[PDB]
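Before any questions on binding or motion, here is one chain by itself as structure tokens, the form deposited in one PDB entry.
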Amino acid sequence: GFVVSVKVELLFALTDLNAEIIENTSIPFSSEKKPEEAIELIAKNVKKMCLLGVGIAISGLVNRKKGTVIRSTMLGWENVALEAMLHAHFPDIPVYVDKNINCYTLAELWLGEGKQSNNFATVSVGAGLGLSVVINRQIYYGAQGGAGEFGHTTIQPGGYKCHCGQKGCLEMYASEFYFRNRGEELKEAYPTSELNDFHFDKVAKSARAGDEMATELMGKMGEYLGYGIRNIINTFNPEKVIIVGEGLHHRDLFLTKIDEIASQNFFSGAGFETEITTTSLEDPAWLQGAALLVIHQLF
């Protein structure tokens, strides 16, 4: 009995019951306010790799009980009954959906750095901020399944507009979003600047090259990530905080900064430290997660 994990960006993957990626694909497609069509390309590619279930990791708010995507501000999705829209293509196959950061966390819980820690917090640095908090090997969902919305905490009251409708969100300061938000006000202050594409890799690239504007952007993004992690430390008081995500590719330009600040937390004054590490798994562990999503519920 095998499983197929899905991830919406689209990423597919065939795995056995140990979450091992046997065969993945990477279909190029944009799902900006396009859910009815996106599901048809999925169900298509899903049957192509061929199955006890399908797991779907995605960016947004989600109600796992009904399997509904309550809200994806990235993709602009409002109340899409994804768990039901797939029974049109696979009636009796159990389908489950979850927050991508909680899918990755399942991966850490069973392959990565969960084999020791029974209670920690995972934070995703990348194109936006994610958080997932484990308690006795259990992901915390809160009352309505929505806990962990840490990227929309206000780090700068009166700050940058955020896709959520609010201002000053952490995600606008402590991720790739920052670069866009702040790179414009830094165009005229840095006229002869190399940089012009404000994505992580481009900014990362210009910054190792010594380009001031990129050096500023990546410096500040770190500070704010340090704040965000320190807010997590002062709030949850976890044994450890694991940083993950495609941002780690450019770790050299932030992890140590993140540490300067986060280490300077409330509880450190009493000798007891809080390990801040990085993920042992690889980028394909988001898919092993979504796969695990179905596997755990089954057993």
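Just so we're on the same page, rigid core means the largest C-alpha set that superposes within 1.5 Å between forms. A residue's number is simply how far along the shown sequence it sits, counting from 1.
Gap between residue 9 and residue 10: 1 to 3 deposited residues without coordinates. According to the entry, the deposited sequence has 4 to 9 residues without coordinates between residue 50 and residue 51. Relative to one another, 227 to 235 and 33 to 41 have unequal mean CA B-factors, and 33 to 41 is the one with the higher figure. Higher mean CA temperature factor, per the PDB entry, when comparing 177 to 185 with 82 to 90: 82 to 90. If you compare the C-alpha temperature factors of 14, 287, 281, 276 in the entry, 14 comes out highest. Among 132, 193, 215, 156, the highest C-alpha B-factor recorded in the PDB entry belongs to 193. When the CA B factors of the chain's modelled residues are split into thirds, the value for residue 171 lands in the lowest one. In the PDB entry, a CA B factor belonging to the highest third of its chain's modelled residues is recorded for residue 95.
Among the modelled residues of its chain, residue 138 has a C-alpha B-factor that falls in the lowest third, as given in the PDB entry. When the modelled residues of the chain are ordered by C-alpha B-factor, residue 123 sits in the lowest third.
Residue 149 sits in the lowest third of its chain by CA B factor, as recorded in the PDB entry.
FYI, the form deposited in another entry isn't displayed, but the following is about it.
Looking at CA displacements between this form and the one not shown with the core superposed, a shift of 2 Å or more is confined, among 162, 111, 139, 75, to 75. Relative to the superposed rigid core, residue 240 undergoes a CA displacement smaller than 2 Å between this form and the one not shown.
After superposing the rigid core, the C-alpha of residue 222 moves by less than 2 Å between this form and the one not shown.
Core-aligned CA deviation for residue 259 between this form and the one not shown: less than 2 Å.
Wider separation of the C-alpha atoms of residue 247 and residue 275, by 3 angstroms or more, is seen in the other entry than in the present form. Distance between the C-alpha atoms of residue 96 and residue 247: shorter in the other entry than here (change of 3 Å or more).
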